Amino acid sequence: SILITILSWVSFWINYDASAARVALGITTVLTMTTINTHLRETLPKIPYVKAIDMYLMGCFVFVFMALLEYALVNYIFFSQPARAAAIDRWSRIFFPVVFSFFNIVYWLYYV
Amino acid sequence: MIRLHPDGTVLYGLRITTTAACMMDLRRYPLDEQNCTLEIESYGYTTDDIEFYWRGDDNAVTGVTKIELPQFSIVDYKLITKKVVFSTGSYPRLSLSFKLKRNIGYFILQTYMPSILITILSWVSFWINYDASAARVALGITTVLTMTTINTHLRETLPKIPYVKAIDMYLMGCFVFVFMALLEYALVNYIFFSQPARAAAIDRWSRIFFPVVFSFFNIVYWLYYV
Amino acid sequence: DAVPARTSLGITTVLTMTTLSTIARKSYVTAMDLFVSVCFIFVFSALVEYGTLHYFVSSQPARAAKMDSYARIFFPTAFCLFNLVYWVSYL
Amino acid sequence: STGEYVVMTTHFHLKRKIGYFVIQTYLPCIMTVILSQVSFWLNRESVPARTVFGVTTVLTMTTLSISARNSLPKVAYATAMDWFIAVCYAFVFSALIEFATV
Amino acid sequence: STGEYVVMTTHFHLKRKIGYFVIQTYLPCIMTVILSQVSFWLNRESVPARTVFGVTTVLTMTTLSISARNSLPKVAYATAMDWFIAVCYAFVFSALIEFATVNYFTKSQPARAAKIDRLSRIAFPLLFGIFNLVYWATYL
Ligand SMILES: *[C@@H]1O[C@H](CO)[C@@H](O[C@@H]2O[C@H](CO)[C@@H](O[C@@H]3O[C@H](CO)[C@@H](O)[C@H](O)[C@@H]3O)[C@H](O)[C@H]2NC(C)=O)[C@H](O)[C@H]1NC(C)=O
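Residue numbers (this note's numbering), protein chains in the order written: chain A, 1209 to 1320; chain B, 11 to 236; chain C, 45 to 135; chain D, 1071 to 1172; chain E, 63 to 202.
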């Protein structure tokens, strides 16, 4: 899941000109994460109440989904104003990893 | 039951469910013949004390014909009488043994024909003109990867036997055929850049070789097991 | 000319087949286990064919168009033929 | 048939917990539907992007439904989760056919 | 706790046959690692073909590892097969990372990607052969 989140991050550096590439990446990350979750929910012991690993996986799913929505917004608003997107790219590149590391620090402080 | 008689002939009957264990050789899987048995003997009385003998040898065991297993078929059963020697004495023994044979028709369609179709498909590559490289490279790669996937999943689906079988031999043979066809074209590609005469030569040579070799391999394979 | 779209679709379909398999094997060789693998074989062969298309696109430009012309009409033929071979044995 | 017999009775009441199934199936469905509704904000000229976007949502729905319906025990009728999964599964086809007619 | 007892001990010696696990998992992993070499010898322009190739190798490796570690119990320490699987795994993903970085470097200068391939083609197979040499010699 950490690898999938980092790969979803990889998409931000790509120029906004080749939009199809980042669209394909933001889609493939979502479905790969869903498949990883579904496959992991089998080998684990079948217990029908909430665990911590499930909350963690759902958190990562929320991260990648928010990233894809962010790119959709950027792709829609760009044609009216380029500076808005040119700022949002450089702010997101540094705000996603910070929030992700903060969330993980809280998680591993509380569940260790 | 207990049944007495005027002359003192007691008759003792039971109704038993035995989960007996028989050794199965699977080197010839799935074209094999199994010899599972049931061995009976006395325990506290030596051969100087008690004697076992089948009563009505022709009619000792009944009801075998009505038996129908879902996967096997009862070919024949035989009867035996022996005297076994252990460290403590000589004990009598009776044996019941009946062969088991598999229904090959249930496995043919489900296992063998996919690899056969892939091997035959790999042959069509030769009929395409050697100028069209993609039409043959795609077939080669597709057939090799398909043989790989079929071999893996067919091995995983079969029951767990930790020693070598025969279906693995046949799958290895078909894989070797398709892989050597792929390398054949891979070499024809290299020699065609040097000269086209040798390339077209080896192409038509393999065209006239491979079907005969494959038919010979299949005949040799099927004559020895069946 | 759309490079990432076709590859992404192929990878996605292959992963979906992987998940469907790993779910289906749990629920000799049963008749149901055979059909599920030929799905994978087709959906993987298609991605392999597009790989071949992108590799040999430069030498023969008219070939790729002919390749699509063959595949578009041959994949449905092959799938219906496999369905015919499969379900007739079932009844 | 024999006669009248006295019979004590005890009823234990039970109520299933839903917290697990909320983060298991329903919330991925809602996320997938919201994601499939994103296509409308994409540009109409980039055709292959929108096509892949629409197809992969159906792929996700298929994976999720297969993973969820396995744990359900066998019954003759249709359970109450089946209707939600069916509607969640039909909206993506609706969006796909919408893109097609556009 | 009670007192001094007397104990009769019998040891049944056993040895595991290796004829199966060679043609079951080790030989397929070696064949797949050797097959993964073809990605390097292909043209440096073709992204989709080599991505298909790498996805094939990755899926085969994973489906192999699952059953390989399933057949064996779950112990704390790592078995003498986990190391072989991990070496297969490290080589295949090193080839994948190499492909990923060549796909980025080939745009700016082709000589860089050409040199990377010219180095890797001899670097990887020789290392895998040396690793087989180091591995199979010790246990026997
Ligand atoms: C399954 O395997 C057992 C083990 O060999 C087979 O039992 C064998 O049966 C044959 C004939 O049915 C026995 O041969 C006999 O030898 C005595 C020796 O004096 C001879 O007097 C008889 O006329 C006959 O030739 C053989 O001894 C016997 N083996 C053992 C160990 O008891 C059995 O037949 C096999 N199953 C089937 C269906 O054949």
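We put the beta carbon where it would ideally sit given N, CA and C, even for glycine.
- request: Check whether the Cβ of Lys1254/A sits closer than 8 Å to any heavy atom of ligand 1, and report yes or no.
  value: No, the Cβ of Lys1254/A stays beyond 8 Å of every heavy atom of ligand 1.
message: Please tell me whether, using a cut-off of 8 Å, the distance from the CB of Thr75/B to the nearest non-hydrogen atom of ligand 1 is below it.
response: No, ligand 1 has no heavy atom inside 8 Å of this Cβ.
- prompt: Can you find a CB in chain C that lies within less than 9 Å of the CB of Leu1129/D?
  reply: Taking 9 Å as the threshold, the shortest C-beta distance from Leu1129/D to chain C falls below it.
- request: Determine which residues share a DSSP beta bridge with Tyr87/B and list them.
  value: Bridge partners of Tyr87/B: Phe108/B.
message: Is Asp86/B a contact residue of ligand 1, with contact defined as CB to any heavy atom under 8 Å?
response: It does: the Cβ of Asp86/B is within 8 Å (strictly closer) of some heavy atom of ligand 1.
CA nearest to the CA of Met1266/A, picked from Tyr1279/A, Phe1286/A, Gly1234/A and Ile1244/A: Scanning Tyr1279/A, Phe1286/A, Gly1234/A and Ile1244/A for the CA closest to the CA of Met1266/A turns up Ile1244/A.
message: For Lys1085/D and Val114/E, what's the separation of their Cα atoms in angstroms?
response: A straight-line Cα-Cα distance of about 49 Å links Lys1085/D and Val114/E.
Helix, strand or coil at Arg1230/A according to DSSP, with G and I counted as helix: In the three-state DSSP reduction, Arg1230/A falls in the helix class (H, G or I).
- prompt: Do three or more CB pairs link the stretch 93 to 111 of chain B to the stretch 43 to 53 of chain B at distances below 8 Å?
  reply: Yes, since at least three Cβ pairs between the stretch 93 to 111 of chain B and the stretch 43 to 53 of chain B fall closer than 8 Å, the two stretches touch.
field: the stretch 107 to 119 of chain E: positions lying closer than 7 Å to chain C by Cβ
entry: For the stretch 107 to 119 of chain E, the residues whose beta carbon sits under 7 Å from a beta carbon of chain C are, in order, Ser108, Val109, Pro110, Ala111, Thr113, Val114 and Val117.
- prompt: Name the chain A residues that come within less than 8 Å of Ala46/C, Cβ to Cβ?
  reply: By Cβ distance, chain A contributes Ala1228.
- request: Give a yes or no on whether the minimum CB-CB distance between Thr153/B and chain E is below 9 Å.
  value: With 9 Å as the cut-off, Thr153/B does not count as an interface residue toward chain E.
query: Taking the beta strand (DSSP E) that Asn45/B falls in, what are its first and last residues?
result: First-last of the beta strand (DSSP E) with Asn45/B: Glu43 to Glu51.
field: heavy atom of ligand 1 below 8 Å from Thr47/B C-beta
entry: Within 8 Å of the C-beta of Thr47/B there is at least one heavy atom belonging to ligand 1.
- request: Spell out whether any CB of chain E is found under 9 Å from the CB atom of residue 142/C.
  value: Chain C is shown only over 45 to 135; residue 142/C falls outside these bounds and no answer can be derived.
- prompt: Going by DSSP, what residues sit across from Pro102/B in a beta bridge?
  reply: The bridge partners DSSP lists for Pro102/B are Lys93/B.
- prompt: Would the C-beta of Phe186/E count as close to ligand 1, meaning under 8 Å from any of its heavy atoms?
  reply: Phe186/E: no, Cβ never under 8 Å from ligand 1.
field: Extent of the continuous alpha helix (DSSP H) run through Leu121/E
entry: It spans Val109 to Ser133 - the alpha helix (DSSP H) in which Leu121/E sits, taken as one unbroken run.
message: Can you give me the C-alpha to C-alpha distance between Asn194/E and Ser101/E, rounded to a whole angstrom?
response: Each residue's CA atom was taken as its position, placing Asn194/E and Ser101/E some 22 Å apart.
message: Given this structure, state the Cα-to-Cα distance separating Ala157/E from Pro172/B, to the nearest angstrom.
response: Going from the Cα of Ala157/E to the Cα of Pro172/B covers about 33 Å.
message: Given a cut-off of 9 Å on the beta-carbon distance, is the pair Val117/E and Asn165/E in contact?
response: With respect to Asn165/E, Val117/E sits apart: the two C-beta atoms are not nearer than 9 Å.
message: Shorter than 8 Å, the distance from the beta carbon of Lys111/B to the closest heavy atom of ligand 1, or not?
response: No, ligand 1 has no heavy atom inside 8 Å of this Cβ.
query: Nearest chain D C-beta to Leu91/C closer than 9 Å, yes or no?
result: False, the Cβ-Cβ gap to chain D never drops below 9 Å.
message: Is there a C-beta anywhere in chain C that falls below 9 Å from the one on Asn1140/D?
response: Using beta-carbon distances, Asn1140/D counts as an interface residue toward chain C, with a partner under 9 Å.
task: List the residues of chain D whose Cβ lies closer than 7 Å to the Cβ of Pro1256/A, in chain order.
output: The answer, in chain order, is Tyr1090.
- request: Please go through the stretch 135 to 167 of chain E and give each complete alpha helix (DSSP H) segment of 4 or more residues, from N-terminal end onward.
  value: Those alpha helix (DSSP H) runs which fall completely within the stretch 135 to 167 of chain E and span 4+ residues are 144 to 167.
Per-residue contacts from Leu59/C into chain A (C-beta, under 8 Å): Against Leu59/C, the close residues of chain A are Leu1239, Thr1240 and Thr1243, in the order they occur along the chain (beta-carbon pairs closer than 8 Å).
query: On the three-state DSSP scale, how would you describe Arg37/B?
result: Reduced to three states, the DSSP call for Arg37/B is coil.
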